[PDB]
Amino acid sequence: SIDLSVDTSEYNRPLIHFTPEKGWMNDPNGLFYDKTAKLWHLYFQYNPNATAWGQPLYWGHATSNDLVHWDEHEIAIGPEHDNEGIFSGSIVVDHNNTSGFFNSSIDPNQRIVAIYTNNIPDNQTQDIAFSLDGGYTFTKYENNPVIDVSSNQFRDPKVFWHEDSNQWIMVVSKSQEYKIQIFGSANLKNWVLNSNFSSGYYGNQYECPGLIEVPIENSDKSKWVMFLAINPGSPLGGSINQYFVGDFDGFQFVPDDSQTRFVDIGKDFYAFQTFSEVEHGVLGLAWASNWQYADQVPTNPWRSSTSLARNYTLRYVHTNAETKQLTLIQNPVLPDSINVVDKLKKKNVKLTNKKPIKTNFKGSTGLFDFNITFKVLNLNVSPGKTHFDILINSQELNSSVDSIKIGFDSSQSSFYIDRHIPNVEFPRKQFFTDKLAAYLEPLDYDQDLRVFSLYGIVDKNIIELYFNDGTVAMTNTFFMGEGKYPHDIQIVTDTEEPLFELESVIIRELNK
C-alpha cells in the first residue's frame, strides 16, 4: 500500500529476470522451446488488473531467444467468466498429431498443445487448448475438461512424452490429499490413472509437480527426478520446492531413497517448472517470491519476477566427510554475450582487514555478479570476527547507505545471507526472514586445506547464490530504500592475518 502512479522500476525492476510491464505474476506456465522459430516461451499466472493475486486470472506470455531478454505479448489464455481463472499448466509439442489438430502445414515441433487447470467455483479440472500460430493465440478443446475428478483441489498438470511406455504422461497433484497423481494417454484427450505418489515434506498442500529425466554429470547414465512444490507448509517459511531421485517406467515413480531435499533453500523459489523440447540437458525456472509476503513487497506497477533459467544435472557430492550422495546440481544460464560494463579480477589474494576488495566502477547498472574460489588457511582466530563477508552496497543517497550481506564462516563451514535493510517496512514482514542457511563441505581439498566456491548474481531486487559448483542454490529478494539500488561490492574481513585466500575473484558490472 504505497501506490499513486509512482513507478519504482528505476531502482527496483530487475534487468535480466523477467518481469511483467504491469500487474501481478506468480507460477511460471507452459514453458517450451520452439525449434523452428529458435525461441523460448514463458507463460505465467497473470492478473493484469491489480498488483496482487486476481480473480479473473490469465496466462501471460513472453518470448526470448537467449533467456535474458524478453518480449511481452498479449494474453495467451483467458477464462470464460470473471468468476475465476486459468490456473497453472504446461505445454507439449505434439509432433505426430496424436491429438488431431493439424490444418496440414502446421509445422511439426510447432504443433503446440497447452494442458492447464481450469478453476471454476467449487471445481478444478484439467483442460487442454491448442495453438496454430506458434503459441500466441489458443483454441480450447470442445470436450473440456479432459480430466474431472469432482474435486475442489486438483491442479497444476505437467505433461511430457515418454517412449518405451509409448504414452503421454501427466504429472498432476491432488493438493490436499498429498498425492502426486500420474496419468497416461496416447491422446492428450483421454486419460488413465496409473499411480499415486506421496513422500517428502507435506506441509499444507502439494502443488506444481514435475517429472523429468536428468543426466548424471560424467556418465551416459541418468535418473528420473520428481519435483514437488508445497505451500504454506515450508519448514523455512511459506512456500518452497522439493525433489526426489529415482526410477520411472511410465507407470509408477520409485525413488532411490526416502529422504527429503529442497531444490533451493532461499525463501523465494517456488512453483518450479521445466522447459519442453530442450535437446540435451534439463532447463527450468521458478516464481521468485514467497507466498506469505509476495503481494506486499514495495514494487510498482508490477509485482514478482521469474528466476534466471537454470541447467540441471545430477552429481555425486560429499554431504559429509565420508559419504557422497547423488545430488541435484543447478547452475544459472547467462548467454555470455551479455554486456560486461566493466570488471575486477584478482588472483590468490590473501584477504585481510588491511586490504579489502572494493569495486571502483563509475556508474551503476543495478545488476552485478561475483564468482569466487577460496581456501581456508591454517590460522587461529578468535571465535567471532565474522569470517569473511561480501557486502553489496547502494549509492549513498539520503545520508545513509543500504546494503545486504553474503558471507561464509569457516568454523561452521556454512554460507549465509543477511538481507535486513533498515527503515524499509511493508505488510507481513515477520515472515520476511533476513538471515539464512547453507552448510556445505569443501568443493575440494588442495593440500589438506579446504576449498570452496561461490557464484552470486544480484539483479535489482533479487539475489541468486550458487554454492560450490551449484551443489546448493539460494534465491532471495531484497528491498532497499526508495531510490536506492546496488552500486558497488566489497569483500571484507576482521582477521589481522589472512585466514581466507581467494584463489580467484571476478566481480562484474553487467547490463541488458
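Numbering starts at 1 and follows the sequence shown.
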property: Which of 368 to 376 and 108 to 116 has higher mean CA B factor, as the PDB entry lists it; result: 108 to 116
property: Per the entry, higher mean C-alpha B factor between 219 to 227 and 132 to 140; result: 132 to 140
property: Out of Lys158, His280, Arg303, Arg315, residue topping the C-alpha B-factor column of the entry; result: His280
property: Top Cα B factor in the deposited entry, candidates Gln412, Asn194, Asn320, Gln124; result: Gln124
property: Cα B factor band for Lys189 (lowest, middle or highest third within the chain); result: middle
property: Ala294 - which third its CA temperature factor falls in, relative to the rest of the chain; result: lowest
property: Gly89 by Cα B-factor - lowest, middle or highest third of the modelled chain; result: middle
property: Ranked against its chain, the third holding the CA B-factor of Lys345; result: middle
property: Within-chain third of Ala52 by Cα B-factor, per the entry; result: middle
